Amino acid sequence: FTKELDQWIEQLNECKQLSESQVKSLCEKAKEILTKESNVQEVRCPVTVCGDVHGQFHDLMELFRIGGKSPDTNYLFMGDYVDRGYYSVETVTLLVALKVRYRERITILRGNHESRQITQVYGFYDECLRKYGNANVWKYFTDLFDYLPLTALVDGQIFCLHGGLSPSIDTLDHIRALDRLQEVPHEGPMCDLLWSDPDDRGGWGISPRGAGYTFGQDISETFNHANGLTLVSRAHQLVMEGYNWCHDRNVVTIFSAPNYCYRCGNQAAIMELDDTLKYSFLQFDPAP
């Protein structure tokens, strides 16, 4: 079986999708593995933190050209593997395939797009149809996404998640207390963690997304202090410079899809947390 996974990965690296058959297999095993993981998955450094990819497969390959090949380089992706991009199938399958082959080298979180309703509005669903002739590959993956850990704690100091903070969650314990094995709800803690955005208005605000909330610096400082965190590391938001600091550096956004939707013209970045939790950023443009 291991020789197989290696081949599947060799294939996916040539941008060649796996078969409905194999995806079903890859997903069943990925579930097995992902169930044992926590809502606040412990991740020890060194490890490179990545933001949104959104099916931009060739930019993912650019990401590996810059941060190193797996499993040599450890990776933590904060979700949003599908939609918008042209290769949602190749992208998410390569990533899940890396996770099943190297549980300890790769960590994948759930983003607001690793869900059933949004994937039928922005790509993934239809791409699966154009490539497999039926919704099975989509059901195998959307079912799998229910097992994706909502957040990761690196060295018990750096809290990572796709979206952001929730007014109904003040401690890492509150998060561990949620049942993440379900579709993303339209309201609540689980929803907010995947939908909220840091803001430059104080306290809690109305999210322009129509889900989750906005939260100012004051809220971050409290969340950080109450949880012995040095930083909140998230994605979910297009950031022209690739990465962006805010809230007197209590929060950092990391977007990994250069030139989003193939029209934004933004750089992409990944964040390297070394053996000492010392951080450094790598900005990159779309691969030629």
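Counting begins at 1, following the sequence as shown. Each form is matched to the other, and the largest set of C-alpha atoms that superpose within 1.5 Å is called the rigid core.
After superposing on the rigid core, the larger RMS C-alpha deviation in 5 other deposited structures of this protein belongs to 82-90, the other candidate being whichever of 82-90 and 68-76 remains. Look at the C-alpha B-factors of 14-22 and of 264-272. On average they run higher in 14-22.
Taking the PDB entry as given, 32-40 carries the higher mean Cα B factor of the two stretches 32-40 and 50-58.
Sorting 121, 211, 165, 78 by the CA temperature factor given in the entry leaves 165 at the top. Residue set 63, 254, 27, 257: peak C-alpha B-factor at 27 (per PDB entry). Residue 181: CA B factor lies in the highest third for its chain, per the PDB record. Sort the chain's modelled residues by C-alpha temperature factor and residue 115 lands in the middle third, per the entry. In the deposited entry, the Cα temperature factor of residue 191 sits in the middle third of values across the chain's modelled residues. Annotation for residue 99: C-alpha temperature factor in the middle third relative to the rest of the modelled chain, per the entry.
Per the deposited record, the Cα B-factor of residue 134 falls in the highest third when ranked against the other modelled residues of its chain.
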